[PDB]
Amino acid sequence: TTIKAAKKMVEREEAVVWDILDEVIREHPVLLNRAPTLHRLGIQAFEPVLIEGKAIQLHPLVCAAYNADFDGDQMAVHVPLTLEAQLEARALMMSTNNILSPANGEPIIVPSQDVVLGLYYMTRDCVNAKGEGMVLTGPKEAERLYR
Amino acid sequence: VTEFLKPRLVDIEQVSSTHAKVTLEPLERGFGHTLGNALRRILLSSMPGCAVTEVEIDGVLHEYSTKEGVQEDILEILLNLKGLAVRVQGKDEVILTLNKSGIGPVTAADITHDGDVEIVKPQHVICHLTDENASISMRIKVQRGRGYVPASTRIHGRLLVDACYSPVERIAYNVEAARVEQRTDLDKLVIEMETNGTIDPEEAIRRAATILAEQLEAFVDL
Amino acid sequence: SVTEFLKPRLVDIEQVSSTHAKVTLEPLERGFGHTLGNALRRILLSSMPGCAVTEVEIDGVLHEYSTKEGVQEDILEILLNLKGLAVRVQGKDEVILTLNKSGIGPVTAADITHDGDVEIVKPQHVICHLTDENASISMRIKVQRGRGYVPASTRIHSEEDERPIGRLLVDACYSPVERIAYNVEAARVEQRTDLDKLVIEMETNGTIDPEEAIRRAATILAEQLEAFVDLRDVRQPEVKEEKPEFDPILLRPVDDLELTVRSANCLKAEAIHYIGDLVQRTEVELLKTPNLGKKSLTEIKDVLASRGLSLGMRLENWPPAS
Amino acid sequence: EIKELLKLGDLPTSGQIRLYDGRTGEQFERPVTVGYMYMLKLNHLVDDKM
Ligand SMILES: [Mg+2]
């Protein structure tokens, strides 16, 4: 009932406060930012997902967009609190909106590495590999045949 | 406490009535991967069913061929037959005949209506035909086998085809994280599977679970 | 046969050493080899009931960042060796072990005051080294049975358990298994072909028993599998529950409120064990209750009416169902 | 000389060993490199930033 009681409850982290927190951010966006924000993409909007530890996970594609390696580079978070700002982050700076650089009409979401390697390995052709010369009733059949 | 956690599953999504998506939650730190992988490996290979394995066109006895009357090569016909899911009764092996003439698509429903088999989709197209004066027939033998047995492994005149006994067409498990009030992260399993329609997907999961449990039965206590 | 094939069975518990053990499940039909192999490896590595040390206490030391005049290593090294020490409890689930030692030489596992329900798996494991004639250590060692691995940080449960300064928390790492290698081979089936015998070697603490570990892991797998051996749309949430709001602590006797036994007999002098009956009993029956003066009455007024309850509250719903 | 030293042990000269995914149980093709490398820890630890 009282605000000080709620402060105490958060201080103790009762088993209900986590459900409450998970509820209060179900759609509430958030802002992630890199230290040198050279261009417009240096600040983007995401939806947070609760995790453990103290690190800040972020999609690899946008981390190629932030010009952000994983050499220990730090990132700052921000929470848009007014309704206008929440909806603004959801409508303008959400990652699913910035997919082309304002500089060039090229796509900023480029699979950088460790997946181009994966797909490239998945799409090649050994001249004599186990299974060569069959007929497949469809892609799912090939997937089952492989697994 | 030497007592584990049992899931409170949340959804059996039955989109298309032959391609289901089951979720399960929550599972212990690693049990998601082990359960998903065991179920997947059992369902793929070791899950008995029935499917065609012998094809015999009584006019052409070669995979390669120049057989008119049909605008599809014999390879297309073998491919179509590969997916002709037929659920068999107490019989373990039976041959079927498909003598047909006409104009267009020779489809499954033209099979002679035996009493020991049941096609799952009579609306399955098998092979399209030349529109006039074309009556090519063929017999087809099925078998009650274990799983996927390719032709190259069966090759040792009578034509062969890729035996696919496993009723499952595809299956993939994906494990996400799930929360318990203070617990960090427990596996939340999501298995999407797609079968021949000869058995509903959840029924196939049930069958695989039963087969694995009756395999395990030799070691457990309770 | 064609369908409904045959199940395997354990046919060897061959142990090459005290720890390195081998078992040979057979026969696996086909593809079941890798299936059960990887599954059992994951289960075994994941969860087996171990009983490593969890809480230690050495009379001389205060915090594990100190030393002690006489012991060659630091308290930190002692705790790490302790974590390394393994033991097998039989009777109870948690136990306390006293280790007393004096004189020059190495203090190893055998030197502790063993019991019957507790057995040291290997005694030669060195704990520390006393390097002085009149140097001695006595230490209490809490050893509790658990599953998995819990660090020393999150194991805290209250704000007074650590208040005993000598209670040093050693982050428990109890899992008897250390590595689980396995491989399939052509089983010598009397009449069939390409059946698979699965050979599993476990390198362990020697604490757990190999065949026992296998059967426990298999039980775990079967129990977890029973979830969707009969799966259906099920949901534990049953909104709008219906239950009587009678407080269950009233079912207990009054003496369960952390007070003496003379006041207990005092509430046994009025033949009032129940709290669900004393709740219909105001303070109009206390000085008339036999021998309730100042001290025992002070206990009655302190330990009862402070826990949120009141000494006598009118209610109309009791007892469901005592 | 590294090849000769590996030959002293019973390890492959290529320094690559057929591994196995602990999740599935099937081996990675293309035998992967595995060894014993020295690894430091730097005082940029997370508890000083978060
Ligand atoms: Mg950097």
# chains A, B, ... in the order shown; residues from 1 in each chain; ligands from 1
>>> residues_near_ligand(ligand="ligand 1", cutoff="12 Å", atoms="only C-alpha atoms and all ligand atoms", output="ChimeraX atom specification")
/A:34-36,63-64,66-75
>>> write_last_selection(atoms="C-alpha atoms", output="mmCIF file, in the first residue's frame")
data_model
loop_
_atom_site.group_PDB
_atom_site.id
_atom_site.type_symbol
_atom_site.label_atom_id
_atom_site.label_comp_id
_atom_site.auth_asym_id
_atom_site.auth_seq_id
_atom_site.Cartn_x
_atom_site.Cartn_y
_atom_site.Cartn_z
ATOM 1 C CA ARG A 34 27.727 2.658 -28.156
ATOM 2 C CA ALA A 35 30.395 4.937 -26.708
ATOM 3 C CA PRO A 36 31.506 6.685 -29.948
ATOM 4 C CA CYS A 63 26.516 -5.263 -33.354
ATOM 5 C CA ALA A 64 28.024 -5.253 -36.817
ATOM 6 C CA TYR A 66 27.097 -0.413 -34.132
ATOM 7 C CA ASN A 67 30.660 -0.995 -35.339
ATOM 8 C CA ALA A 68 30.838 -2.908 -32.066
ATOM 9 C CA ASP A 69 33.255 -5.782 -31.573
ATOM 10 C CA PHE A 70 33.311 -7.971 -28.458
ATOM 11 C CA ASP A 71 36.766 -6.942 -27.254
ATOM 12 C CA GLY A 72 35.136 -5.682 -24.069
ATOM 13 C CA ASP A 73 33.477 -2.668 -25.666
ATOM 14 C CA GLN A 74 30.907 -1.228 -23.280
ATOM 15 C CA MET A 75 27.406 -0.057 -24.119
#
>>> select_by_dssp(residues="range 8-194 of chain C", states="strand (DSSP E)", output="VMD selection string")
chain C and resid 9 to 10 21 to 28 49 to 50 53 to 58 87 to 89 94 to 102 105 to 108 118 to 120 126 to 130 136 to 144 146 to 147 168 to 169 177 to 186
>>> interface_residues(of="chain A", to="chain B", cutoff="10 Å", atoms="only C-alpha atoms", output="NGL selection string")
:A and (13-19 or 22 or 50-53 or 131 or 133-145 or 147)
>>> interface_residues(of="chain D", to="chain C", cutoff="8 Å", atoms="only C-alpha atoms", output="list in words")
residues 22, 23, 24, 25 and 26 of chain D
>>> interface_residues(of="chain D", to="chain A", cutoff="8 Å", atoms="only C-alpha atoms", output="list in words")
residues 44, 46, 47 and 50 of chain D
>>> interface_residues(of="chain B", to="chain C", cutoff="6 Å", atoms="only C-alpha atoms", output="PyMOL selection string")
chain B and resi 2+34+38+206+209-210+213+215+218-220
>>> write_last_selection(atoms="C-alpha atoms", output="PDB file, in the first residue's frame")
ATOM      1  CA  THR B   2      17.457 -35.749  -5.609  1.00  0.00           C
ATOM      2  CA  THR B  34      19.003 -34.432 -24.365  1.00  0.00           C
ATOM      3  CA  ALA B  38      16.810 -38.411 -28.242  1.00  0.00           C
ATOM      4  CA  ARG B 206       3.620 -40.456 -27.842  1.00  0.00           C
ATOM      5  CA  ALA B 209       8.232 -41.762 -25.992  1.00  0.00           C
ATOM      6  CA  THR B 210       6.707 -45.200 -25.443  1.00  0.00           C
ATOM      7  CA  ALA B 213      10.589 -45.888 -22.224  1.00  0.00           C
ATOM      8  CA  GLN B 215      13.807 -49.521 -24.118  1.00  0.00           C
ATOM      9  CA  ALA B 218      15.537 -52.745 -18.128  1.00  0.00           C
ATOM     10  CA  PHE B 219      17.390 -50.394 -15.756  1.00  0.00           C
ATOM     11  CA  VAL B 220      14.968 -48.209 -13.768  1.00  0.00           C
TER      12      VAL B 220
END
>>> residues_around(residues="residue 31 in chain D", least_positions_apart="4", cutoff="12 Å", atoms="only C-alpha atoms", output="MDAnalysis selection string")
chainID D and resid 12 14:20 27
>>> closest_residue(among="C:158, C:124, C:18, C:136", to="chain A", atoms="only C-alpha atoms")
C:158
>>> interface_residues(of="chain B", to="chain D", cutoff="12 Å", atoms="only C-alpha atoms", output="count of residues only")
15
>>> select_by_dssp(residues="range 2-145 of chain A", states="helix (DSSP H, G or I)", output="PyMOL selection string")
chain A and resi 3-12+15-24+40-42+60-65+83-91+116-122+139-145
>>> residues_around(residues="residue 61 in chain A", least_positions_apart="4", cutoff="7 Å", atoms="only C-alpha atoms", output="ChimeraX atom specification")
/A:65,109-111
>>> write_last_selection(atoms="N, CA and C atoms", output="tab-separated table (two decimals), in the first residue's frame")
chain	number	residue	atom	x	y	z
A	65	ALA	N	26.37	-3.46	-36.96
A	65	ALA	CA	25.92	-2.12	-37.33
A	65	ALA	C	26.47	-1.06	-36.39
A	109	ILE	N	22.17	-4.23	-42.41
A	109	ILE	CA	22.11	-5.56	-41.82
A	109	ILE	C	22.79	-6.53	-42.77
A	110	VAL	N	24.09	-6.73	-42.58
A	110	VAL	CA	24.88	-7.62	-43.41
A	110	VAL	C	25.42	-8.73	-42.53
A	111	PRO	N	25.15	-9.99	-42.83
A	111	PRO	CA	25.76	-11.07	-42.06
A	111	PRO	C	27.27	-11.04	-42.22
